Amino acid sequence: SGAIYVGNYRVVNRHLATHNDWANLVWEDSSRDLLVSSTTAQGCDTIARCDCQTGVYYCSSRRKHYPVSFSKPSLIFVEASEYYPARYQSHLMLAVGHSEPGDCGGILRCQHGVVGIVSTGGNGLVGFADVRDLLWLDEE
Ligand SMILES: NC(=O)[C@H]1CCCN(C(=O)[C@]2(Cc3ccc(F)cc3)CCCCO2)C1
Ligand SMILES: [Zn+2]
């Protein structure tokens, strides 16, 4: 579990969104595994607006932050699961790192701010949904 809290927005994995998230919906995209809801209180996270391909992510199944190198956002095949049919997930970045399903929502960051959130895994792989192109998160 986990979210990004920027401005009056809460960014979560779409497959983990709550009823309150759906009832206060700003934007959602199944192809990216992202959902954004509105918040009453202002958040403290800042979004990175950069070209970093190295950063650090939080792994809840280890209670640890790990440094990682990650690929550029791309369209990657994600097999049918208990949350989606077989499809291509867009804006996904892969790295070598430990992950488990409950690790979704952990933040990936660089020196510029938040880059994305854990969305996918694999044997020694972790995938992150990028948020750096969502410029509207910085306003309203
Ligand atoms: N974004 C998606 O489509 C995920 C929905 C849940 C299923 N998805 C997965 O990748 C996994 C679960 C997972 C493990 C570790 C993670 F950090 C994030 C998810 C692992 C690979 C195959 C089986 O399920 C894909
Ligand atoms: Zn950066």
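Residues numbered from 1 in each chain as written, not as in the entry; some residues may be left out. Chains lettered and ligands numbered in written order. Heavy atoms only, no water.

### Let's talk about the environment of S81
The residue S81 is located in the loop between β7 (74-78) and β8 (87-96) in this model. A polar contact of 3.1 Å, which involves the side chain of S81, links it to the backbone nitrogen of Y83. (Helix = DSSP H or I, 4+ residues; strand = E, 2+ residues; numbered from the N terminus. Polar contact = N/O pair within 3.5 Å; in protein donor to acceptor, adjacent residues only side chain to side chain.)

### Re the domain arrangement of the protein
Each domain of the protein was delimited in the assignment, giving domain 1 (3-44) and domain 2 (45-140). Once you take the C-alpha centre of each, domain 1 and domain 2 turn out to be 16 Å apart. Each partner contributes to the interface: domain 1 provides 21 residues, whereas domain 2 provides 26 residues. Both faces combined, the contact of domain 1 with domain 2 buries some 2,000 Å², and carbon together with sulfur accounts for 58% of it. Counting across the domain 1 and domain 2 interface gives one salt bridge. Residues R32 and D133 are paired through a salt bridge, measuring 2.8 Å at the closest nitrogen-oxygen approach. Across the contact surface, domain 1 and domain 2 share 10 residue pairs in polar contact. (Domains from an automatic or database assignment. Contact = heavy atoms within 4.5 Å. Buried area = accessible area lost by both parts, 1.4 Å probe. Salt bridge = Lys/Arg side-chain N within 4 Å of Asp/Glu carboxyl O.)

### A short note on the coordination of the zinc ion (ligand 2)
Looking at the metal site, the zinc ion (ligand 2) is ligated by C50 (SG), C52 (SG), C110 (SG) and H112 (ND1), spaced 2.0 to 2.4 Å from it. Considering all four donor atoms around the zinc ion (ligand 2), angles at the metal cover 103 to 116° and the coordination shape is tetrahedral. The sequence motif formed by the donor residues of the zinc ion (ligand 2) is C-x1-C-x57-C-x1-H. In this pair, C50 is assigned in the loop between β4 (34-38) and β5 (54-59) and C110 in strand β9 (residues 107-110), connecting sequence segments 60 residues apart. (Donors = N, O, S within 2.8 Å, 3.2 Å for Na, K, Ca; no water. Tetrahedral: all angles 85-135°; square planar, octahedral: opposite > 155°, others 65-115°.)

### Describing the side chain of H15
Among the secondary structure elements, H15 is positioned in the loop between β2 (9-13) and α1 (19-23). Assessed through its relative accessible area of 18%, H15 is described here as buried. Separated by 2.8 Å, the side chains of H15 and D33 make a polar contact. Filtering out sequence-adjacent residues up to four positions away, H15 remains in contact with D33, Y83, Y84, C104 and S119. (Buried < 20%, exposed > 50% of the residue type's maximum accessible area, 1.4 Å probe, protein only.)

### Regarding the packing of aromatic side chains
By the definition in use, this model includes six aromatic pairs. Ring centres of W27 and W136 lie 5.8 Å apart, and the angle between their planes is 75°; on these two criteria the pair is classed as edge-to-face. One end of the pair, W27, is in strand β3 (residues 25-29); the other, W136, is in the segment after β11 (125-130), and 109 residues separate them in sequence. The class of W136 is partly exposed, set by a relative accessible area of 25%. When the ring of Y57 is compared with that of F128, the centres are 5.3 Å apart and the planes differ by 70°; the resulting orientation is edge-to-face. Linking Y57 in strand β5 with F128 in strand β11, this pair joins segments that are 71 residues apart in sequence. With a relative accessible area of 1%, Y57 lands in the buried category. One aromatic cluster in this structure is built from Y57, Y66, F70 and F128. Seen from the ring of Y84, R87 lies directly overhead, with NZ or CZ sitting 3.7 Å from the centre. (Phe/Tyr/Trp six-rings, centres within 6.5 Å; stacked < 30°, edge-to-face > 60°. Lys NZ or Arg CZ within 6 Å of the ring centre and 35° of its normal.)

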